[PDB]
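One chain comes next, on its own, written out as structure tokens in the form deposited in one PDB entry.
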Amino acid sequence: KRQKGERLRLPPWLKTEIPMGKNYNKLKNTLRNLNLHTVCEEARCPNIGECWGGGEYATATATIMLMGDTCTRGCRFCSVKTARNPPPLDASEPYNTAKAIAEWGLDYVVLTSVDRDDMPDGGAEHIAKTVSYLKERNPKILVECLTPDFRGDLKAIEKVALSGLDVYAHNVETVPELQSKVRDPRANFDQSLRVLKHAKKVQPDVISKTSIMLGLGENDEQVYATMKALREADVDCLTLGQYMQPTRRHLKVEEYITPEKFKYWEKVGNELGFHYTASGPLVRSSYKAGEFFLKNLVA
């Protein structure tokens, strides 16, 4: 009717420009020289032009994706490549990542990764090492980690939450009813909630953060129940954004949420007690994460 029968036309508030400029190529040159990947490119994010560049006279940032550009999972919404046998870990990537961020001069940095279920620790030590190299070169730098669930491995989560990060992010993606339709079955809502809950008990001073995508077929009752379950898990920050089909072979958009409806969900986040609720059609987990953190948590 609205998806799997037809296609919804792209609304005008989701159209962005082709990435361009000097800041965009500077970041690209750095990543290729150091053999680094970003979630911006591999997930085909429409915000690349805004985050990575500007007019050439702005504060360029990008979310580096660790442990390669090939994931062990096949989330129906994610355009990151999938393979059963990903390439082995580049031990220099935690060290080269700190070089790229030192080059960009970022005060706030977001790191993420593909899932590496082939790794005994899910690659937690590889992630925590990158955070350590950052804090070694800049102790005052703020680093946010969008980590996998590690299949609920409590020792893997501890390794990351002890690396010294400031924000521990892990996305629930959708409402509990749609977990099996949207995510790789190795993830579920209770497991994702256990990750965010455990990182707080490993380091009570870190900020927990999660993101939800709308437009995958959920209803408002399921959304509010999800947000309510997140506050009871003591999650500090929340992100809501429009799901957008990245590849013709990925899920079709079930509904395009109006901009006004995202402004409503921002109010609900404030009513429930989240320290901030980044809400909007093009909002993603890492979108202007530095601004949202500094304007709401140091305020």
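Only residues modelled in both forms are compared. Think of the rigid core as the biggest set of C-alphas that the two forms share within 1.5 Å after superposition. Numbers follow the displayed sequence, beginning with 1.
Here the subject shifts to the form deposited in another entry, a form of this protein not shown in this document.
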- Query: Where among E56, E254, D234, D69 does the Cα move by 2 Å or more between the shown form and the other one after the core is superposed?
  - Reply: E56
- Message: Once both forms sit on the same rigid core, is the C-alpha displacement of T30 at or above 2 Å between the shown form and the other one?
- Response: yes
- Item | Threshold 2 Å Cα movement between the shown form and the other one for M244, core superposed | no
- Per-residue C-alpha change between the shown form and the other one, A43, threshold 2 Å, rigid core fit: yes
- Work out whether the Cα atoms of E41 and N188 come closer together or move farther apart in the other form than they are in this form, the change being 3 angstroms or more. farther
- Message: Between the shown chain and the other structure, the Cα gap of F292 to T61 differs by 3 Å or more. Is it closer or farther in the other form?
- Response: closer
- Query: Can you list the runs of 3 or more residues whose CA atoms move by 2 Å or more between the shown form and the other one, with the rigid core superposed?
  - Reply: 22 to 62
